[PDB]
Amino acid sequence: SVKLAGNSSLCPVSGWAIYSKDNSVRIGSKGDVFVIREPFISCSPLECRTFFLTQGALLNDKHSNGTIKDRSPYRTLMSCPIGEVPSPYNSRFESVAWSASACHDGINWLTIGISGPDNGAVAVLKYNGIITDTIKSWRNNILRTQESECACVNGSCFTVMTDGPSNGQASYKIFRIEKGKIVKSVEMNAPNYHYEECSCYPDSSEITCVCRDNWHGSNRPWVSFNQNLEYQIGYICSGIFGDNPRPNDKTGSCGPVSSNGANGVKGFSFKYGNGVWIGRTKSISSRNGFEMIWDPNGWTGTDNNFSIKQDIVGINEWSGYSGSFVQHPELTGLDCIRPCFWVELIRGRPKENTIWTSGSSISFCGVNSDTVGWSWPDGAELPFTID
């Protein structure tokens, strides 16, 4: 039993092979499946698990009513083996939460679950299911975190949290956590930046996060840092805009792109030098479709040219949140950190005429062997009996 090193580089990849699909909503039509949203994947040296925020209710039951709502005392962070439907019969309880993160340092699971009132939320940190720390809202305005896996390097795991307005300047903090205890934090000095729901991963002993600007950027902000939390900040320069909503592709900016900049969706990207693997919706205006784009100079370059595009979900199909997750050499036996990603497929409100909102998931892992584009949509037929 040993700590993840996290000191090797990210595996370069040429394409994405499908890894999992849970068909949660299709199955929940009859089976006992949690109403969920904000799912994410995270692995240990032994297994990969799907984490998710339940709504404390099951699909096709009356208690799924009004589940478009983001926060409540009923939401809980739970997890199950990857690819399985989130059910009360196969799910491990993690924490009470309407915002969350989780990651394995090689020894145990760290989970972070935020609950409580909007004006004084509290993040409860657990290590091996034991409460080890808490951090309370410092701006009294919806303390919130990744909704994807934290990143671990040599026994230290890192996350980002935000507190403050969703439509203006907020406050962003980076945390270093050891055995579930916060050992260091720093507030990012990022005037005119907006960070939410960061997708963070380790790469050569350091952490890179690609996040969501809900205020005024249709491209994605990023923050990178070493174990001592010495950080750098910026925005993805590519004219291949990564957020949703967004403008049509055109000349980009290394700062926040104001056009269609308000609102957004959780997403991710993988940096490789000046290049970037961009995951994004296919629609510029709604959470529909998904695609992976390789842009060889997209991290630092502003043009809208790219080299590779791989279809993941058809433009006429619902998508939603997406996030990175990695597989360490301790798990794979490789000499690099393998990048994977998941996509949330959201069904129900507000776009569909149901009483409920829930999602299923798909995931892919990066490879250098042959791959293919396609569409792996949710596939449920709405409305349900309960609607």
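Counting begins at 1, following the sequence as shown.
If you average the C-alpha B-factors over 321-329 and over 351-359, the higher value belongs to 351-359.
Higher mean CA B-factor, judged across 58-66 and 339-347 from the recorded values: 58-66. Ranking 87, 111, 214, 185 by Cα temperature factor from the entry places 185 first. Residue-level inspection of the entry shows that, of 180, 239, 165, 155, 155 has the top Cα B-factor.
In this PDB entry, residue 151 carries a Cα temperature factor that places it within the lowest third of its chain's modelled residues. Split the chain's modelled residues into thirds by C-alpha temperature factor. Residue 229 is in the lowest one. Among the modelled residues of the chain, residue 270 sits in the lowest third by CA temperature factor in this PDB entry. In this PDB entry, residue 173 carries a Cα temperature factor that places it within the lowest third of its chain's modelled residues. When the CA B factors of the chain's modelled residues are split into thirds, the value for residue 334 lands in the highest one.
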